[PDB]
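What follows is one chain in structure tokens, specifically the form deposited in one PDB entry.
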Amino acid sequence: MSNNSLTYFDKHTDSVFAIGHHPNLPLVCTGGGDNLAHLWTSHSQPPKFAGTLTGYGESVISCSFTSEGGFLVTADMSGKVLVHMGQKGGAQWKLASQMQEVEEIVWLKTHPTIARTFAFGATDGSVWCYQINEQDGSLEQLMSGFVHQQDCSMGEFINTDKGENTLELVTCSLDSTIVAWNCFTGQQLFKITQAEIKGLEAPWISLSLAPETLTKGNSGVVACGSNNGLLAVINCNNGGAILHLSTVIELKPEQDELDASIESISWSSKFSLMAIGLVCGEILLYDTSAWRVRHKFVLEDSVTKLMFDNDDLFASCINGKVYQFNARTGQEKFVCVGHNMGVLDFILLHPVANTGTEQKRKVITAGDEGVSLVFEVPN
């Protein structure tokens, strides 16, 4: 009950803000407040160090590999984006190109299914989508859009279901607007304003695409999430029609307004559930047909990330633990302990091949203390 981790990586000298994993190689990338990115392996004790990435003007806040496994894309708070090219079957990562089109990047993300593609949003509200040349790793801009009038807090690709050439992105802003884009043309498909949500002010924070298996084939249903407790579930394939809208919490007197902030959203197709996690530490599991809460968990402190995986819900917390819940029962099974300060992000890894052996999943964290921890978790 103090540290049940398997191993760790602690080369960062400041907060570990982002963590990404290669789609096929046992390779982690973490980005930190020391303006560095470190590569290390996820299959050994202790991790093997695989290199340090340099060139940033600020803290690194995004690390993600492209879906096909070529290229690492990293972003920092001075607005720089760097592209490293995988060489020697992922054994060496060479800087291929870089850019700096904005003052500060909030969020990046590499498209889950279309090769060599990524998008990012900035504090000035702008939205950018790029592709990466397969041969030399050069940058190819698809679009640049300036519609949001405050910070572009999050983006999420949609219709990821339809092959290359169907490249669509939903972005949201603290100015209450939500926009969908055709990334290839830079065309704004629809834009949600206060007018569409009863005139409510709703500075958006979180976005999450629903699995098609839960929406009867619709590959464009997105749950949103504001910093004052507003949940909107929108149909991006029907002009952003609102499928659900509610305030998810009734705050207590003089309780923090940001306590209602929806920090993370995750869907479960298996259980027809959508979980949201709040700054006040509440975790709410919604039935995705009736949009009513099914289970409610309450953590000691702020939820920082939620992730459904098989029968479980994983939840990282700013108290420095990662909790694992039985998605069906609601029972706490297992808590990852050993961090001093908060867990800012995490990934979950499965054993690649079925060996007729049990083989546990791994949670690997991004710690505010500058430490990543590797946990083996039940079933």
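We number the residues from 1 along the sequence you see.
Comparing 294 to 302 with 152 to 160, the higher mean C-alpha B-factor in the PDB entry belongs to 294 to 302. Relative to one another, 40 to 48 and 23 to 31 have unequal mean CA B-factors, and 40 to 48 is the one with the higher figure. Across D175, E103, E263, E168, the entry's maximum B-factor at the CA atom is seen for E103. You'll see in the entry that, of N354, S62, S67, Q324, the Cα B factor peaks at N354. Among the modelled residues of the chain, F118 sits in the lowest third by CA temperature factor in this PDB entry. Split the chain's modelled residues into thirds by C-alpha temperature factor. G229 is in the lowest one. Per-chain ranking of the deposited C-alpha B factor places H244 in the middle third. In the deposited entry, the Cα temperature factor of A210 places it in the lowest third of its chain's modelled residues. Ranked by C-alpha B-factor against the other modelled residues of its chain, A223 falls in the lowest third.
What comes next is about the form solved in complex with a partner chain, which is not displayed.
When contacts are judged by a 4.5 Å heavy atom cut-off, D14 counts as touching its partner chain in the entry with it bound. A residue is said to contact a partner when one of its heavy atoms sits within 4.5 Å of a partner heavy atom; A50 fails this definition for its partner chain in the entry with it bound, lying far away. Its partner chain is not drawn, but in the entry with it bound it has no heavy atom within 4.5 Å of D309. Mapping the unseen interface onto this chain, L258 counts among the residues with a heavy atom inside 4.5 Å of its partner chain in the entry with it bound. Figure note: of the listed segments 213 to 221, 259 to 267, 287 to 295, 85 to 93, the one touching its partner chain in the entry with it bound, with heavy atoms no more than 4.5 Å away, is 259 to 267. Every member of the trio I61, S302 and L344 reaches its partner chain in the entry with it bound with some non-hydrogen atom inside 4.5 Å.
Exactly one listed residue, out of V81, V279, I283, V102, brings a non-hydrogen atom to within 4.5 Å of its partner chain in the entry with it bound: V279. Put simply, of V73, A275, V170, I205 only one has a heavy atom within 4.5 Å of its partner chain in the entry with it bound, and it is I205.
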